[PDB]
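7 is the number of the first residue of the sequence shown in mature numbering (1 follows the signal peptide of the UniProt record, and there is no 0); add one for each residue after it. A virtual CB, placed ideally from N, CA and C, is assigned to each residue, including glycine. Below is one structure; the comments refer to it alone.
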Amino acid sequence: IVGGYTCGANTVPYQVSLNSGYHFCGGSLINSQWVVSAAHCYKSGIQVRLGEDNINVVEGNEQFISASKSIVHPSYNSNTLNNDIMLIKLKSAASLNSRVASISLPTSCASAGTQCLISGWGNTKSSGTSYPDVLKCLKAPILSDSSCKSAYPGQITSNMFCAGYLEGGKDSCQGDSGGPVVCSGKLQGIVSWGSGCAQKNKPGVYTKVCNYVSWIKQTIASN
Ligand SMILES: N=C(N)c1ccc(/C=N/NC(=O)c2cccnc2)cc1
Ligand SMILES: [Ca+2]
């Protein structure tokens, strides 16, 4: 997260770190057994880390639970990043409490102008490289589909939205991939892609979660 703020320990209780020997992606806990992330975060041997603040120090509220299965969206295209969504099932159910909690799925899509909270352990620099140890947060508005498409001609599908600031300076970044965009208490987005980070006229692009609620529910119901 570039141009954000320190969230505070366990203030984002649905935020997960996906670990394969090291943090490599974010995710969002949606019930005791399931995490939503980006399809581009897919890999084998995932351990889901819940209750994290400093990802390099055991602080007392962690739950580390191995993934039993991953399900990439049936229509994920890794070239265009269309349908950039994946479900991860935990080998055992998380113990849910104030600091480890699920986030509600949307029942309708969010509109341009809605404020959202985007979070993760990704790069904090727009030019160079610096990875934080503690969770970073950014409050950002959803942008109009027209401004999103203008920013990224020929690249924005109906399964994507832009959020952030056309002026630059405030954005998600590398390492935030797969993490949450939460608006009025609903998971509306997943950190998906962008051109660099926090660049002028290049806002973050996010998977449009409201499109996938039917698929998520039915997938969970049979797996
Ligand atoms: N501007 C954003 N909101 C944004 C931009 C990019 C990303 C994702 N980056 N991932 C990478 O670079 C990468 C990752 C692994 C290997 N090689 C390159 C997320 C958000
Ligand atoms: Ca920790």
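As assigned by DSSP and simplified to three states, the class of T12: strand
Within its chain, find whatever has a CB closer than 6 Å to the CB of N89; leave out the 5 residues flanking it on each side and keep chain order. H79, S81, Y82, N165
Among the candidates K95, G174, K49, whose CA atom is the shortest distance from the CA of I7? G174
Name, in chain order, the residues that DSSP records as bridge partners for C203. BP columns for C203 are empty, so no partner.
Looking at C-beta atoms only, is the number of pairs between the stretch 91–109 and the stretch 141–156 that lie closer than 8 Å three or more? no
Nearest-angstrom Cβ-Cβ length linking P112 and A157, presumed shorter than 8 Å: At roughly 23 Å, the Cβ-Cβ gap does not stay under 8 Å, so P112 and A157 are not in contact.
Using a threshold of 7 Å, is the CB atom of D59 nearer than that to any non-hydrogen atom of ligand 2? yes
Under the three-state reduction of DSSP, which class applies to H46: helix, strand or coil? The answer is helix: DSSP assigns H46 an H, G or I state.
Is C47 near ligand 1, with its Cβ less than 7 Å from a heavy atom? Not under cutoff, so the answer is no.
Check whether the Cβ atoms of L87 and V54 lie closer than 8 Å to each other. no
Proximal residues to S84 (C-beta, below 7 Å), its chain only, five neighbours per side dropped: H46
Which word fits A227, buried or exposed, when buried means at least 16 other C-beta atoms lie within 10 angstroms of its C-beta? When all chains shown are included, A227 counts as exposed.
Is the beta carbon of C179 closer than 8 Å to that of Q121? no
Give every residue of the same chain whose Cβ lies closer than 8 Å to the Cβ of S72, excluding the five residues on either side of it in the sequence, and list them in chain order. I52, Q53, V54, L96, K97
Measure the C-alpha to C-alpha separation of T130 and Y137 and round it to an integer number of angstroms. Going by the C-alpha atoms only, they are around 6 Å apart.
Name the one or two DSSP bridge partners that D177 has. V8
Measure the beta-carbon distance from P186 to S125 and round it to whole angstroms, keeping in mind my assumption that it falls under 8 Å. 6 Å
Rounded distance between the beta-carbons of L193 and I77, thought under 8 Å: Incorrect: roughly 17 Å between the Cβ atoms, too far for contact.
How should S34 be labelled, buried or exposed, when 16 other C-beta atoms within 10 angstroms of its C-beta is the threshold for buried? buried
Can you have a look at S152 and say buried or exposed, based on whether 16 or more other CB atoms are within 10 angstroms of its CB? exposed
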